[PDB]
Amino acid sequence: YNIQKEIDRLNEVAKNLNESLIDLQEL
Amino acid sequence: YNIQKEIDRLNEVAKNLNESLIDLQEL
Amino acid sequence: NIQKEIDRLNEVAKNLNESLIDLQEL
Amino acid sequence: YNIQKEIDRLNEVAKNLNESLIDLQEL
Ligand SMILES: [Zn+2]
Ligand SMILES: [Zn+2]
């Protein structure tokens with residue numbers, strides 16, 4: 001595995017998850 | 001669906017993702 | 001080394017998938 | 001009301017998370 005590779009991608013997962021989650025909460 | 005039930009779970013998804021990401025970042 | 005983080009992320013993925021399916025099928 | 005945009009985006013989030021899981025268990 002490559003830890004720095006997956007940190008960067010999981011950070012994108014987190015940001016995208018949060019964006020859509022917050023969108024769900026304000027409709 | 002029940003939007004609150006899914007928001008609750010997705011909140012927990014986000015929290016657990018965040019703590020996994022932090023753990024990875026401190027290696 | 002990172003089995004515990006893998007295990008945790010697996011449960012994250014399962015719960016995310018279940019929410020996705022529940023939003024479309026319930 | 002219409003959550004199609006969040007469903008589409010969370011599907012991509014899930015795909016990226018799933019590939020991270022696969023890649024973390026590689027090698
Ligand atoms: Zn990178
Ligand atoms: Zn890959």
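Ideal geometry is used to build each Cβ from the backbone, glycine not excepted, and the neighbour counts take in all protein chains shown. Every read-out reported here was derived from the displayed coordinates using simple, explicitly stated rules and does not represent laboratory data.
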Worksheet item: Hey, got the average number of other protein chain Cβ atoms within 10 angstrom for residues in B:1-12?
Response: 5
Worksheet entry | Volume of the Cα convex hull of the protein assembly as shown, divided per residue and given in Å³ | 87
